[PDB]
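Some notes on the structure that comes next.
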Amino acid sequence: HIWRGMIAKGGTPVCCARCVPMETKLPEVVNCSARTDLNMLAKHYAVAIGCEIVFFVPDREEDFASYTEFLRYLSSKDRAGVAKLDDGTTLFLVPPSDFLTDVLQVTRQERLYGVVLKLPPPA
């Protein structure tokens, strides 16, 4: 049982997608309801105590051109997308860039990363 669903931008479908791990349940639709500057995410990362990652791949070939285009839509502007898991956790949609190696310090891949940051809990 793999995750298979849709990605959307502002409620507007972008493509269908699947998901390989490196986590809670992904909704049927991962909607990118907003963007965040990579700088802003860098600040949350600096203090995070968990950083979980999945890769989103286009589901089928007909989803490729859109997936690719959605990557440039994010990386152009040095931004990341914002979506949610089922349980309300913030999920960031991070396209390929230096940010992946300099800040998250992970291997870089020409893939969209889903990223959840766990910040410190209260005392």
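We name chains A, B, ... following the order of the structure tokens; residues begin at 1 in each chain, and ligands are numbered from 1 as shown.
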
Can you tell me, as a PDB file with C-alpha atoms, in the first residue's frame, what residues are no more than 9 Å from region 42-49 of chain A when counting only C-alpha atoms, ignoring any on the same chain fewer than 6 positions away?
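So out.pdb came out as:
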ATOM      1  CA  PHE A  99      19.002  24.914   0.154  1.00  0.00           C
ATOM      2  CA  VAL A 103      20.539  24.093   5.118  1.00  0.00           C
ATOM      3  CA  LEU A 104      18.792  20.732   5.351  1.00  0.00           C
ATOM      4  CA  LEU A 117       9.942  19.906  10.888  1.00  0.00           C
ATOM      5  CA  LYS A 118       9.490  19.021  14.493  1.00  0.00           C
ATOM      6  CA  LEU A 119      10.205  21.980  16.726  1.00  0.00           C
ATOM      7  CA  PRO A 120      10.980  21.734  20.381  1.00  0.00           C
TER       8      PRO A 120
END

Step one, run DSSP on the backbone; step two, keep only residues of region 10-50 of chain A assigned to alpha helix (DSSP H); then write them as an mmCIF file with C-alpha atoms, in the first residue's frame.
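Final output, result_14.cif:
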data_model
loop_
_atom_site.group_PDB
_atom_site.id
_atom_site.type_symbol
_atom_site.label_atom_id
_atom_site.label_comp_id
_atom_site.auth_asym_id
_atom_site.auth_seq_id
_atom_site.Cartn_x
_atom_site.Cartn_y
_atom_site.Cartn_z
ATOM 1 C CA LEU A 38 13.528 29.364 1.995
ATOM 2 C CA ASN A 39 15.086 31.819 4.519
ATOM 3 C CA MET A 40 12.017 31.512 6.755
ATOM 4 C CA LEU A 41 12.156 27.749 6.587
ATOM 5 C CA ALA A 42 15.888 27.930 7.356
ATOM 6 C CA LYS A 43 15.116 29.647 10.588
ATOM 7 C CA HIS A 44 12.639 26.923 11.651
ATOM 8 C CA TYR A 45 15.182 24.308 10.635
ATOM 9 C CA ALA A 46 17.899 25.852 12.795
ATOM 10 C CA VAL A 47 15.874 25.122 15.908
#

Distance in Å - CA of residue 53 (chain A) versus CA of residue 11 (chain A):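 Distance reported for this atom pair: 23.2 Å.
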
Could you check how far CA of residue 94 (chain A) sits from CA of residue 108 (chain A), in Å to one decimal? 11.1 Å

Could you list, as a PyMOL selection string, every residue within 12 Å of residue 111 (chain A), counting only C-alpha atoms and ignoring same-chain residues fewer than 4 positions away? chain A and resi 17-20+53-58+64+67-72+74-75+93-97+100+107

Write out the residues from the selection above, keeping N, CA and C atoms, as a CSV table (one decimal), in the first residue's frame.
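Resulting contents of result14.csv:
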chain,number,residue,atom,x,y,z
A,17,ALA,N,0.5,12.0,-8.1
A,17,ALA,CA,1.8,11.9,-7.5
A,17,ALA,C,1.8,10.7,-6.7
A,18,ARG,N,3.0,10.1,-6.5
A,18,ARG,CA,3.3,9.0,-5.6
A,18,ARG,C,4.4,9.4,-4.6
A,19,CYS,N,4.8,8.5,-3.7
A,19,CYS,CA,5.6,8.9,-2.6
A,19,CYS,C,6.5,7.8,-2.1
A,20,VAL,N,7.8,8.1,-2.1
A,20,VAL,CA,8.8,7.2,-1.6
A,20,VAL,C,9.5,7.8,-0.3
A,53,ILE,N,11.5,13.4,5.8
A,53,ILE,CA,11.5,13.6,4.4
A,53,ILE,C,10.9,12.5,3.6
A,54,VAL,N,10.0,12.9,2.6
A,54,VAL,CA,9.6,12.0,1.5
A,54,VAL,C,9.9,12.7,0.2
A,55,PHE,N,10.0,11.9,-0.8
A,55,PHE,CA,10.1,12.4,-2.2
A,55,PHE,C,8.7,12.2,-2.8
A,56,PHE,N,8.3,13.2,-3.6
A,56,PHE,CA,7.1,13.1,-4.4
A,56,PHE,C,7.6,12.9,-5.8
A,57,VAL,N,7.1,11.9,-6.5
A,57,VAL,CA,7.3,11.6,-7.9
A,57,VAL,C,6.1,11.7,-8.6
A,58,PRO,N,6.1,12.1,-9.9
A,58,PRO,CA,4.9,12.1,-10.7
A,58,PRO,C,4.4,10.7,-10.9
A,64,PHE,N,4.3,14.0,-15.6
A,64,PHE,CA,5.6,14.6,-15.6
A,64,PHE,C,5.7,16.1,-15.9
A,67,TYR,N,4.6,18.3,-13.1
A,67,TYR,CA,5.4,18.1,-11.9
A,67,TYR,C,6.6,19.0,-12.2
A,68,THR,N,7.4,18.8,-13.2
A,68,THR,CA,8.5,19.6,-13.6
A,68,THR,C,8.2,21.2,-13.5
A,69,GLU,N,7.0,21.6,-14.0
A,69,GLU,CA,6.7,22.9,-14.2
A,69,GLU,C,6.5,23.5,-12.8
A,70,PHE,N,6.0,22.6,-11.9
A,70,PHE,CA,5.6,23.0,-10.5
A,70,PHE,C,6.9,23.2,-9.7
A,71,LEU,N,7.9,22.4,-10.0
A,71,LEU,CA,9.3,22.6,-9.5
A,71,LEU,C,9.9,24.0,-9.8
A,72,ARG,N,9.9,24.4,-11.1
A,72,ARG,CA,10.4,25.7,-11.5
A,72,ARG,C,9.5,26.8,-10.9
A,74,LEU,N,8.3,26.8,-8.0
A,74,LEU,CA,8.8,27.0,-6.6
A,74,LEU,C,10.3,27.5,-6.6
A,75,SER,N,11.2,26.9,-7.3
A,75,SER,CA,12.6,27.2,-7.3
A,75,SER,C,12.9,28.6,-7.9
A,93,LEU,N,6.9,21.9,0.7
A,93,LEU,CA,7.2,21.3,-0.5
A,93,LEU,C,8.4,22.0,-1.1
A,94,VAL,N,9.5,21.3,-1.1
A,94,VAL,CA,10.7,22.0,-1.3
A,94,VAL,C,11.3,21.5,-2.6
A,95,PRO,N,11.5,22.4,-3.6
A,95,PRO,CA,12.1,22.0,-4.9
A,95,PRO,C,13.6,21.9,-4.8
A,96,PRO,N,14.2,21.4,-5.9
A,96,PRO,CA,15.7,21.3,-5.9
A,96,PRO,C,16.3,22.6,-5.9
A,97,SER,N,17.4,22.8,-5.1
A,97,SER,CA,18.2,24.0,-5.0
A,97,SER,C,19.3,23.7,-3.9
A,100,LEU,N,18.9,22.5,-0.2
A,100,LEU,CA,18.8,21.1,0.2
A,100,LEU,C,20.1,20.7,0.9
A,107,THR,N,21.3,15.0,0.7
A,107,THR,CA,21.6,14.7,-0.6
A,107,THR,C,20.6,15.4,-1.5

Pick from A:91, A:51, A:30, A:16 nearest to residue 114 (chain A), counting only C-alpha atoms: A:91

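Between CA of residue 10 (chain A) and CA of residue 105 (chain A) lies a distance of 29.1 Å.
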
For a quick check of understanding, using only C-alpha atoms, which of A:106, A:115, A:14, A:8 has the smallest distance to residue 92 (chain A)?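 Between A:106, A:115, A:14, A:8, the residue approaching residue 92 (chain A) most closely is A:115.
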